[PDB]
Amino acid sequence: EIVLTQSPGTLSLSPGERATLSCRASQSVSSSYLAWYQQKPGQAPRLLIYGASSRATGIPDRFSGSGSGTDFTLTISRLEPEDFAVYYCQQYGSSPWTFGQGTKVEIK
Amino acid sequence: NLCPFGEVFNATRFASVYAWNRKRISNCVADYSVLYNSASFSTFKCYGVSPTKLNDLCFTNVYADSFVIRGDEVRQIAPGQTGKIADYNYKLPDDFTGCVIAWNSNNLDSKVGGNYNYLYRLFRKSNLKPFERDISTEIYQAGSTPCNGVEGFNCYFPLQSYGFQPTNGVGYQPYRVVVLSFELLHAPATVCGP
Amino acid sequence: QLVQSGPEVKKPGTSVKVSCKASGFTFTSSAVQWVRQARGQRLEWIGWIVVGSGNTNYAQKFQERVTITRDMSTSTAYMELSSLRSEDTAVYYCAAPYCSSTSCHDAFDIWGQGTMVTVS
């Protein structure tokens with residue numbers, strides 16, 4: 001369960017972002033109960049996606065994700081190159097709810 | 001034709017709050033003097049004309065109920081009285097005509113440890129209708145995501161219990177409750193208590 | 001929104017409580033989780049407790065090394081631990097899904113200012 005995986009490590013990019021970020025684990029677990037969050041330098045870790053293909057009433061458009069079950073994916077197809085923070089995966093599903101490796105996004 | 005209330009408070013396995021029990025008191029009569037006046041009770045909320053005069057009038061029909069409750073949780077023991085019981089375990093009949101003979105038995109119906117002798121409700125679709133029960137142990141579905149019948153985020157097993165033990169304080173101390181619906185029906189009316 | 005309690009400076013060896021306060025969303029319609037972090041650290045979990053129940057959950061890291069608590073009158077949530085360690089310094093984030101009495105979200109979205117819980 002505990003060993004989650006996020007391949008892109010510390011991705012390096014620039015403005016004009018079509019970036020994406022994916023989540024795997026050491027185990028096959030649920031699908032409806034996993035999420036990705038956004039954390040800036042000193043900000044409260046905000047909400048991005050609860051469940052792969054999902055959004056909230058206020059979470060920004062051009063924001064999406066996909067996958068299920070075994071493996072998970074996210075992206076933000078277009079974006080104003082404003083902020084490039086750390087992104088955190090977290091399954092909760094069945095106990096023990098736990099948090100992902102965390103992948104950063106910057107600008108060259 | 002003698003039906004004492006003994007059989008009720010002698011039900012040493014007092015039923016859980018939601019999973020209360022019943023005895024259709026009918027076609028029987030018995031005298032309940034000492035344990036209604038000389039009783040060592042506490043919070044004798046028994047409605048009707050008064051605590052007395054019931055051992056002076058025949059009954060249309062009488063129904064019995066047992067509750068095992070947290071000490072001051074009695075606050076919620078009234079219809080239209082809100083709380084984490086009416087919403088979940090037993091909202092009494094909105095116009096509850098029967099009464100309540102609850103009283104604290106800290107010794108009785110409790111022993112050291114997380115007593116397994118009583119259970120109650122925490123999570124429901126909505127407020128429980130008056131004068132019924134829930135047996136379900138199905139998980140708490142209320143909202144968007146489904147949960148395929150396993151406990152988890154926004155779907156929890158709704159029957160959590162305060163399995164207290166006698167050592168507590170009065171509000172958290174054991175409290176027997178019995179509820180006695182002296183309901184009133186037509187031509188079959190076959191209970192008396194002189 | 002949310003307001004965690006103040007930045008609490010307890011001894012490096014102590015027993016510590018922590019308090020969180022809501023706004024709009026009500027605990028008694030959801031659960032609240034505790035997690036840990038610092039300036040640069042992996043956003044690490046602690047546990048979470050239902051609010052309707054005392055049912056709390058946490059890794060095998062906290063079987064006796066954990067304690068959470070709720071307030072149905074103040075609707076202030078709390079955690080604590082007894083006999084912690086100097087390593088246990090962190091910005092203890094409490095979060096909870098936006099819920100308003102059957103108006104719930106499925107996302108641990110609401111993350112307060114963060115009690116800087118400092119064992120010092």
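Along the chain as shown, the residues are counted starting at 1.
The backbone N, Cα and C atoms fix where each Cβ goes, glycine too.
Here is what Swiss-Prot says about this protein:
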DOMAIN    B:1-194  domain 'BetaCoV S1-CTD'
DISULFID  B:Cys3-B:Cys28  disulfide bond
CARBOHYD  B:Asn10  N-linked glycosylation site
DISULFID  B:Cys46-B:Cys99  disulfide bond
DISULFID  B:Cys58-B:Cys192  disulfide bond
REGION    B:104-175  region 'Receptor-binding motif'
REGION    B:115-123  region 'Immunodominant HLA epitope recognized by the CD8+'
REGION    B:122-157  region 'Disordered'
DISULFID  B:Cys147-B:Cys155  disulfide bond
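With respect to Cβ neighbours within 10 Å, the disulfide-bonded residues B:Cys3, B:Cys58, B:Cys99, B:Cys147, B:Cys192 differ, and B:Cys58 shows the lowest count. Within 10 Å of the Cα of B:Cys155 (disulfide bond), not one of the disulfide-bonded residues from the list B:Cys3, B:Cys28, B:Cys99 places its own Cα. When the Cα of B:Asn10 (N-linked glycosylation site) is compared against those of the disulfide-bonded residues B:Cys3, B:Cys58, B:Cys147, B:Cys192, the shortest separation belongs to B:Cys3. Distance between Cα atoms for B:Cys147 (disulfide bond) and B:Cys192 (disulfide bond): 52 Å, as a whole number. Other C-beta atoms found within 10 angstroms of the C-beta of B:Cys46 (disulfide bond) number 20, with every protein chain shown included. For the region 'Immunodominant HLA epitope recognized by the CD8+' (B:115-123), DSSP puts the residue distribution at 0 helix, 0 strand, 9 coil.
B:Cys28 (disulfide bond) has its Cα within 10 Å of the Cα of these disulfide-bonded residues: B:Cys192, taken from B:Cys46, B:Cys99, B:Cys192. Residue counts for the region 'Receptor-binding motif' (B:104-175) under DSSP, helix first, then strand, then coil, are 0 helix, 4 strand, 68 coil. Each of the disulfide-bonded residues B:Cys28, B:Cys155 was scored by the number of other CB atoms within 10 Å of its CB, and the largest score is that of B:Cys155. Checked against B:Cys192 (disulfide bond) by C-alpha proximity, the disulfide-bonded residues B:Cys3, B:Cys46, B:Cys99 yield B:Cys3 as the nearest.
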